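Okay, so here's just one chain, in structure tokens, the form deposited in one PDB entry.
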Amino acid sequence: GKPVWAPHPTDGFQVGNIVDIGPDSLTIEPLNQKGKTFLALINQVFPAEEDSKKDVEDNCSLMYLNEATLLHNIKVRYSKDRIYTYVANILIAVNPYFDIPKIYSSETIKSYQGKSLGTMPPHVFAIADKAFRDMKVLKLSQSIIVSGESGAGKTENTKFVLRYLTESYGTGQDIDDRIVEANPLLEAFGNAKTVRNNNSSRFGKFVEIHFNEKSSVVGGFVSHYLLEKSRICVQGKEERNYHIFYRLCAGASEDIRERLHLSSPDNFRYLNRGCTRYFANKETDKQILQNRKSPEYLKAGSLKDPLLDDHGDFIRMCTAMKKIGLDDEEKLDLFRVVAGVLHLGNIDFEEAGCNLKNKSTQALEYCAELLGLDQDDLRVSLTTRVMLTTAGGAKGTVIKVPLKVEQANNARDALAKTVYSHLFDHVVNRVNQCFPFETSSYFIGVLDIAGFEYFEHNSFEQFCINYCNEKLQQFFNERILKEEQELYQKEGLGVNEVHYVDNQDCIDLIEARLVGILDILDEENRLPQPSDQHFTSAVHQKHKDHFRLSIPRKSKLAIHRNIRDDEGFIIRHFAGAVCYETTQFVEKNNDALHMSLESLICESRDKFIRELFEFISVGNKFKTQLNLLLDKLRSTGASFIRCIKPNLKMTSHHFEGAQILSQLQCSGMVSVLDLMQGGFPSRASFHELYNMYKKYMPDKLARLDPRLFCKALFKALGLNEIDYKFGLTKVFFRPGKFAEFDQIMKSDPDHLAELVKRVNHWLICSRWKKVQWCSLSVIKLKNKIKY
């Protein structure tokens, strides 16, 4: 009849008591109301730490390690401004939204150098230093894999790692300051407003500090992956294309506006299906000319953000270009390509196969001028493609094949995605030229990529992101599994397999060859009449009894109920079931650029464009690039940081429980807690156990060193050798067993006193033997010096 955590809509969990039981449910009486009893599913009720004011630096010190006790432990620590907490070697980091004094000072930096994780308070610096020490000693490059929502403190977190590593282990070159100066450039081309986040990174970013043989910093390198190409051409409402487009439209001089033929964003297909409004405040709104503002901007006003501002960010972006060496010519070259892409998107077509509409004539002219193409060549390559008359070896002829209207749209957009992506590659390579190096032995890299996410409606974009994260979560789990097994061997716990339920089957469901969802989607393209519904039935037919696939009717939510079996599927991901509506999956799986048109852009009049450039589906290109990311991570040692956004209002000292619970789930932390339940999830140093329980022992035992105190106590109590493991530095416990040990220390003092009296012989022996074998050890060390 002890306290438990039970669900609460805004705090995540609340403390309560179990007053009745049910078939799959428990009846909970909250402490904080007493008679608004409610039902909770059994797997949503968790045991609670007795001491509600206790906080621990490592959550493994808890007697029950579960998502509710983790949530509460980090709440209590957040209230005392301790934003950092471990789960073993994993770092949880809650954004304070204010500048914490002293924890990032040069003196603190110094105090973390060389120190083991566990001998200092939790900190991003301890993660950086662990990466450093393993790199130096094991001769192995390192990864630091950060999860979290956009704006969850990840940007700041990366800065702390780079600053720590350069100031501690570098020689005067301020590499981390050069990456920060480049940032406004990267964000302009690679970030965008989403439904939930004004400044969301739409690419996987891996920032490397490179080291020589002497483990000293030599340079930097930004690896980039998986830029989200679909955003370039279309966006949902409440979302925008990449920031660059809006910064250019709002901030460019009238002179550049006329040279690139820009106008308000509502005039461009590639902007005007999404949100066409600027981030501005009262002052910056006055600096944007009226001819840059869309009808919806003039009507509903500007978008609001405490940092983002398109006019101001334009200036700041041009300043960042100057600092990375970009002259005014290369800057206008970038803008010219951007405007080229915008005008490209306004070209329409009509059933003649097809033809440029007459209204689209000036878009063509402007696009062609800006991308350095002949108007006529462009017109033809958009409406026609070449083809060989044969396929399998025999001598063939070139023929001209006209495109239908929908195929012309596709080539137009394909060309846009290719130009924009190549421009992005150029921008990143340009950043990397600000801190180059000829050679390196190893690197420490920090990864930032969009996390697992779901909405009411989930399309192909979500499917890809959640697939990316399913694979990253398997990587997270493999490495924690390995770290734990190694900890247990290192500590002398003996033979211990930990029960691991792999998520390989979900991964196979998505990506396996021929039978995976992606290959079945590819197969749909090949049929005479490709259909989203045929693709979806084929998935359900081939994986009829797959553990991780269900039809939409089986959903636990209401709103998915009327979705037909052929309109969607559910996937049981690591973080939870997601229902995907499959409408448009087939078209979103295609963005190939046919060859005459690609060859055309490669031989643009303009040299900058030619330099940018010098039959696979979107799904499989995604898989391929994802696998290169994983190849890189798999070749390194891995450490993990979980950044948490405490609320949606950027306010300090406001812990929003359910929002944080949600992020703990989506970031894979809960899945890792389940995994650790198969091992020894609770552990405590002899020093912690000594301080907790010495008050219950005779002064005799209270005078022992912590390790012998614990040995005596554990022997005295006659503890079951399966559940309790006496390691080198800590006592390890199977699930629930630290709580059970605690009850023995509290429930029957007369029993405990007799058991202690009876261990007196064994203890006096162990205390002789200890010192005896220690003098014998000091003798053998003298003899080895004598060799």
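Position 1 is the first residue in the sequence shown; the rest follow in order.
Unshown form solved in complex with a small molecule; subsequent notes refer to it.
- Although the partner is absent here, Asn647 lies well away from the small molecule in the deposited bound form, with no heavy atom inside 4.5 Å.
- Proximity of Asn95 to the small molecule in the deposited bound form falls within the 4.5 Å heavy atom cutoff.
- Interface residue remark: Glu156 is counted as part of the site for the small molecule in the deposited bound form, having a heavy atom within 4.5 Å.
- Contact check for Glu149: a heavy atom falls within 4.5 Å of the small molecule in the deposited bound form.
- Contact with the small molecule, judged by heavy atoms within 4.5 Å in the deposited bound form, is confined among 322-330, 193-201, 470-478, 524-532 to 193-201.
- With the partner omitted here, the residue from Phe160, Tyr690, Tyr112, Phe314 that has a non-hydrogen atom within 4.5 angstroms of the small molecule in the deposited bound form is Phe160.
- This chain appears without its partner; in the deposited bound form, the one residue of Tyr454, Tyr696, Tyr104, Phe714 with a heavy atom within 4.5 Å of the small molecule is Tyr104.
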